[PDB]
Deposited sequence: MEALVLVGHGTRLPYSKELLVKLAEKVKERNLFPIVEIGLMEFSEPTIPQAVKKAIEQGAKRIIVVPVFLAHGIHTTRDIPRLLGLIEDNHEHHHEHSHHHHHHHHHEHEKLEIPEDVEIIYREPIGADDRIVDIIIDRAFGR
């Protein structure tokens, strides 16, 4: 009844999509949501509309959209909210609700990661 949709920037190089695919695989391993999907804003498929439509098709009535972005920017304030129909400019049903979440940000766990990377781990 609820879906997690991870959305990323998307690049000409495949690394951005590969990242979202691995993250989605890890989320699915946690057994938290019946439905998990990825969408890329640009350059790659699935697109964000395709991901949300796929979640709706599988029976989700609550669509939790998480922007896999480090910081806010024009894509998280404008482009993605527009694709989701949350701001003026994908048909979302009446009984479906989009829950648009916050990006990663300066999380203490990002600091942990950065220190590992700094030491080659």
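Comparing the deposited sequence with the modelled residues shows one gap only, at 90-111, with numbering starting at 1.
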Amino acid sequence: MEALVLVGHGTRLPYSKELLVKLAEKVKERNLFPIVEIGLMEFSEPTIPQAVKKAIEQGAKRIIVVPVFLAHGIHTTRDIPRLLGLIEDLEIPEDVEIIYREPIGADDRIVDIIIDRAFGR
From here on, numbers count along this sequence of modelled residues.
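Between the stretches 62-70 and 91-99, it is 91-99 that shows the larger average CA temperature factor.
Annotation for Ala24: CA B-factor lies in the middle third of the chain's modelled residues. Per the deposited record, the Cα B-factor of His75 falls in the lowest third when ranked against the other modelled residues of its chain. Among all modelled residues in its chain, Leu40 ranks in the lowest third by Cα B-factor.
Per the PDB record, residue ranking by Cα B-factor puts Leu13 in the highest third of the chain.
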